[PDB]
Amino acid sequence: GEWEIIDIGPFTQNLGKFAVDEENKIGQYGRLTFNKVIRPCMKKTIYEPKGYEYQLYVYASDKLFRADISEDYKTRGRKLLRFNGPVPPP
C-alpha cells in the first residue's frame, strides 16, 4: 500500500546508519554515534516519480531522533530529507 510499517532488521538499521552519517555531514548535533533503529518504522510509497520515503526513529549518541529518507525506485539513490530531535519515545 501507500503507507506501511516495515521490519527493523538490517535493511532498516542500515537506513538509520545512512541518516546518522548524512547528519554528521551537516553537523547540527556534533558527531553522532549510530546506536539503533527502533519501531515503529514507516515506509511511504511514491508513485510519481516511483520511489520511497522512510520515516525512522533512530537512537544516536543515546538520544532519540526522527529521520526522513528518500530512496529512488530506479537507481536506489538515497537522500536525507529531515533529521530532528531529540524526540519523545514512540
# chains A, B, ... in the order shown; residues from 1 in each chain; ligands from 1

$ residues_around --residues "stretch 47-51 of chain A" --least-positions-apart "4" --cutoff "8 Å" --atoms "only C-alpha atoms" --output "list in words"
residues 70, 71, 72, 73 and 74 of chain A

$ residues_around --residues "residue A:79" --least-positions-apart "2" --cutoff "12 Å" --atoms "only C-alpha atoms" --output "short mmCIF file (atom, residue, chain, number, x, y, z; two decimals) with C-alpha atoms, in the first residue's frame"
data_model
loop_
_atom_site.label_atom_id
_atom_site.label_comp_id
_atom_site.auth_asym_id
_atom_site.auth_seq_id
_atom_site.Cartn_x
_atom_site.Cartn_y
_atom_site.Cartn_z
CA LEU A 15 18.83 3.16 6.63
CA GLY A 16 19.35 4.57 10.13
CA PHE A 18 22.81 6.32 6.46
CA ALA A 19 20.73 9.01 8.19
CA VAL A 20 23.26 9.48 11.01
CA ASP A 21 26.17 9.51 8.54
CA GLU A 22 24.42 12.17 6.44
CA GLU A 23 23.51 14.12 9.57
CA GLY A 51 10.32 5.89 -5.09
CA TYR A 52 10.05 5.51 -1.35
CA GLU A 53 10.25 7.61 1.75
CA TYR A 54 11.23 6.11 5.10
CA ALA A 67 14.82 10.97 10.33
CA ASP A 68 13.16 11.01 6.89
CA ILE A 69 14.96 9.36 3.96
CA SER A 70 14.15 9.28 0.26
CA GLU A 71 15.12 6.35 -1.94
CA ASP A 72 14.69 6.44 -5.71
CA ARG A 76 18.10 3.30 -5.39
CA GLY A 77 19.97 6.55 -4.56
CA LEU A 81 15.29 14.81 3.88
CA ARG A 82 14.83 15.59 7.58
CA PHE A 83 16.64 14.84 10.87
#

$ select_by_dssp --residues "chain A" --states "strand (DSSP E or B)" --output "VMD selection string"
chain A and resid 3 to 5 34 to 47 50 to 60 63 to 72 78 to 84

$ write_last_selection --atoms "C-alpha atoms" --output "tab-separated table (two decimals), in the first residue's frame"
chain	number	residue	atom	x	y	z
A	3	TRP	CA	1.78	3.57	3.86
A	4	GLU	CA	3.28	0.52	5.52
A	5	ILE	CA	5.03	-0.38	8.77
A	34	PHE	CA	24.70	5.41	15.49
A	35	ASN	CA	23.00	3.20	18.08
A	36	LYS	CA	19.80	1.63	16.82
A	37	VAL	CA	16.64	1.99	14.83
A	38	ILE	CA	13.52	1.17	16.85
A	39	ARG	CA	9.88	0.61	16.00
A	40	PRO	CA	7.82	1.94	14.50
A	41	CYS	CA	9.37	2.35	11.04
A	42	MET	CA	7.24	3.68	8.25
A	43	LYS	CA	7.61	3.21	4.51
A	44	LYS	CA	5.72	5.51	2.17
A	45	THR	CA	5.46	4.53	-1.49
A	46	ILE	CA	5.78	7.35	-4.00
A	47	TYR	CA	4.10	6.56	-7.30
A	50	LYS	CA	8.42	5.98	-8.38
A	51	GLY	CA	10.32	5.89	-5.09
A	52	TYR	CA	10.05	5.51	-1.35
A	53	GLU	CA	10.25	7.61	1.75
A	54	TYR	CA	11.23	6.11	5.10
A	55	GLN	CA	10.41	7.70	8.45
A	56	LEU	CA	12.55	6.27	11.25
A	57	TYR	CA	13.11	6.67	14.96
A	58	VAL	CA	16.85	6.28	15.44
A	59	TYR	CA	18.86	6.33	18.65
A	60	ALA	CA	22.20	8.08	18.11
A	63	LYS	CA	19.43	10.33	22.03
A	64	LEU	CA	16.25	9.70	20.04
A	65	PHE	CA	15.78	11.36	16.63
A	66	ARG	CA	13.26	11.31	13.81
A	67	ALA	CA	14.82	10.97	10.33
A	68	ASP	CA	13.16	11.01	6.89
A	69	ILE	CA	14.96	9.36	3.96
A	70	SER	CA	14.15	9.28	0.26
A	71	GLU	CA	15.12	6.35	-1.94
A	72	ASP	CA	14.69	6.44	-5.71
A	78	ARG	CA	19.27	7.92	-1.07
A	79	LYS	CA	18.81	11.39	0.40
A	80	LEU	CA	18.38	12.58	3.98
A	81	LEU	CA	15.29	14.81	3.88
A	82	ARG	CA	14.83	15.59	7.58
A	83	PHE	CA	16.64	14.84	10.87
A	84	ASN	CA	15.04	16.27	14.03

$ select_by_dssp --residues "chain A" --states "alpha helix (DSSP H)" --output "PyMOL selection string"
chain A and resi 10-26

$ atom_distance --atom1 "atom CA of residue A:27" --atom2 "atom CA of residue A:86"
14.6 Å

$ decode --residues "stretch 20-33 of chain A" --atoms "N, CA, C and O atoms" --output "mmCIF file, in the first residue's frame"
data_model
loop_
_atom_site.group_PDB
_atom_site.id
_atom_site.type_symbol
_atom_site.label_atom_id
_atom_site.label_comp_id
_atom_site.auth_asym_id
_atom_site.auth_seq_id
_atom_site.Cartn_x
_atom_site.Cartn_y
_atom_site.Cartn_z
ATOM 1 N N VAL A 20 22.304 8.913 10.061
ATOM 2 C CA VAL A 20 23.260 9.478 11.009
ATOM 3 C C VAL A 20 24.520 9.920 10.278
ATOM 4 O O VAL A 20 25.067 10.990 10.558
ATOM 5 N N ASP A 21 24.991 9.119 9.317
ATOM 6 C CA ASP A 21 26.170 9.507 8.544
ATOM 7 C C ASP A 21 25.927 10.817 7.800
ATOM 8 O O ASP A 21 26.772 11.718 7.810
ATOM 9 N N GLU A 22 24.771 10.936 7.146
ATOM 10 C CA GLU A 22 24.420 12.165 6.444
ATOM 11 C C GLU A 22 24.275 13.322 7.420
ATOM 12 O O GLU A 22 24.747 14.433 7.158
ATOM 13 N N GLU A 23 23.648 13.069 8.572
ATOM 14 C CA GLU A 23 23.508 14.122 9.567
ATOM 15 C C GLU A 23 24.868 14.581 10.090
ATOM 16 O O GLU A 23 25.020 15.749 10.461
ATOM 17 N N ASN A 24 25.867 13.688 10.136
ATOM 18 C CA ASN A 24 27.199 14.123 10.564
ATOM 19 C C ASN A 24 27.864 15.036 9.537
ATOM 20 O O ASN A 24 28.751 15.809 9.895
ATOM 21 N N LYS A 25 27.458 14.976 8.273
ATOM 22 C CA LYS A 25 27.973 15.950 7.318
ATOM 23 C C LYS A 25 27.370 17.338 7.530
ATOM 24 O O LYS A 25 27.995 18.343 7.174
ATOM 25 N N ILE A 26 26.163 17.423 8.088
ATOM 26 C CA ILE A 26 25.595 18.729 8.405
ATOM 27 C C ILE A 26 26.145 19.231 9.730
ATOM 28 O O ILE A 26 26.430 20.422 9.891
ATOM 29 N N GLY A 27 26.315 18.322 10.692
ATOM 30 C CA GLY A 27 26.947 18.639 11.953
ATOM 31 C C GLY A 27 26.109 19.417 12.930
ATOM 32 O O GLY A 27 26.661 20.028 13.847
ATOM 33 N N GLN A 28 24.787 19.378 12.799
ATOM 34 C CA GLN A 28 23.926 20.108 13.724
ATOM 35 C C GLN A 28 24.107 19.632 15.164
ATOM 36 O O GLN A 28 24.109 20.441 16.100
ATOM 37 N N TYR A 29 24.212 18.321 15.365
ATOM 38 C CA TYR A 29 24.268 17.708 16.685
ATOM 39 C C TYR A 29 25.680 17.275 17.070
ATOM 40 O O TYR A 29 25.845 16.400 17.933
ATOM 41 N N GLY A 30 26.695 17.824 16.408
ATOM 42 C CA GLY A 30 28.047 17.363 16.639
ATOM 43 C C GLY A 30 28.312 16.061 15.897
ATOM 44 O O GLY A 30 27.799 15.820 14.798
ATOM 45 N N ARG A 31 29.118 15.206 16.522
ATOM 46 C CA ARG A 31 29.476 13.913 15.959
ATOM 47 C C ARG A 31 28.569 12.874 16.603
ATOM 48 O O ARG A 31 28.708 12.574 17.784
ATOM 49 N N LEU A 32 27.636 12.346 15.832
ATOM 50 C CA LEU A 32 26.682 11.387 16.358
ATOM 51 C C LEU A 32 27.188 9.969 16.113
ATOM 52 O O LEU A 32 27.791 9.681 15.077
ATOM 53 N N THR A 33 26.956 9.100 17.088
ATOM 54 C CA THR A 33 27.313 7.692 17.014
ATOM 55 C C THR A 33 26.029 6.890 16.855
ATOM 56 O O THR A 33 25.171 6.911 17.742
#
